[PDB]
Each structure stands twice: as C-alpha cells, then as structure tokens.
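This document opens with one chain alone, in structure tokens, the form deposited in one PDB entry.
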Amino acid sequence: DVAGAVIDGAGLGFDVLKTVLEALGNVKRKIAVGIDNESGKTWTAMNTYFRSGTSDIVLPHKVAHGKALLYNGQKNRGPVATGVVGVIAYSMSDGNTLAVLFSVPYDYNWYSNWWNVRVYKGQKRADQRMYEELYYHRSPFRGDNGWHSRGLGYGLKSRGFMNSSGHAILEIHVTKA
C-alpha cells in the first residue's frame, strides 16, 4: 500500500490514502491520490502535469480493471509559497484519456481545494491547457469532505471524495454507467 503501486480496487479507502499521505513526510502541502479502475478497460500512465508542486512517484504504469492506483504529490521542496496543483492523464484501452485534476493551494485565504475527472477524446497528455480546462471551464468539484459523482460519457461514471485541508486525500472510483 504505497504510492506507485496498484492494489485490489475494493481495498481503496480513506485509511490506505491516510497511510500514503503520512508516508510522504510532514510537508506543508501534499496530496495522496487513489483511483479505482472498475471501467472495464486497462489504463496506461502517460504523465502528470504540475501547475504547482512535484512528485517523486512514478505513476503506476498499468492499471487493470479491478485495480486501484496509488499516487502522491507535494509542494515544491523549497521556500516558495505554492501548493500542489496538477493533472494526471491515463490512456484507456478503448482509445480515450482519463484526466484527473487536483488543486491543493498554498493560501486558503484566496483559494480552496478542487478536483475533477473527465474523459478526453483520443490520447491526450496532461498540460497547462488541460489544467485550465479542468480547473476553470469543466465544473470541478470542491474538496469539501463530501462525495460527488458524475457521468463521464463514454459509458463511464465517476464518484470521488476530496477533503478540505492542505494535507489532502483524493479517492476516485471509475465505473461503468
């Protein structure tokens, strides 16, 4: 149950993500991400685009149906007042891209936690424009300590949870609609 591994999908829960979050170190802003693939498709990691922050974890490369991936990120390790903000992109085996936004800001006087999950047509690496789409234009969810669900199209739906603090957990399930 470490960042960079896959686990059985039915084992994903808050306690796994707490474990990942604590293993990372006590840095001011950090995130543990788990995504359960119950999509019927095999996922292959492309990349993570960091608008803010970094990770030392390799995205789990192959995520079969029935598996969840574990991942983490953290703020820049230097003295800069920035958070951990980015997009994960996986290529799904029927030809499209699963994109996951996380935003864990440095300053909660001006910003809040957000996430999003969307399917893009074709095979699309995460980048600044994708980040701007998911953050500004494609109706992200609040990291509000509540669950949110939405249809993705493509025969898929998502349900996920993000907490509100700078030590963030993000749990997402992708299932067949």
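Residues that one form lacks are left out of the comparison. In this text, rigid core is short for the largest set of C-alphas that superpose within 1.5 Å between two forms. All residue numbers refer to positions in the sequence shown, first residue = 1.
Omitted from view is the form deposited in another entry, to which the following refers.
Core-superposed comparison between the shown form and the other one: the Cα of residue 153 travels less than 2 Å.
Superposition of the core reveals a Cα shift of 2 Å or more for residue 9 between the shown form and the other one. With the core held fixed between the shown form and the other one, residue 27 has its Cα displaced by at least 2 Å.
Distance between the C-alpha atoms of residue 151 and residue 15: longer by at least 3 Å in the other form than in the displayed form. Relative to the shown form, the CA atoms of residue 170 and residue 22 are pushed 3 Å or more farther apart in the other form. After superposition on the rigid core, the sole stretch of at least three consecutive residues with Cα shifts of 2 Å or more between the shown form and the other one is 2 to 27.
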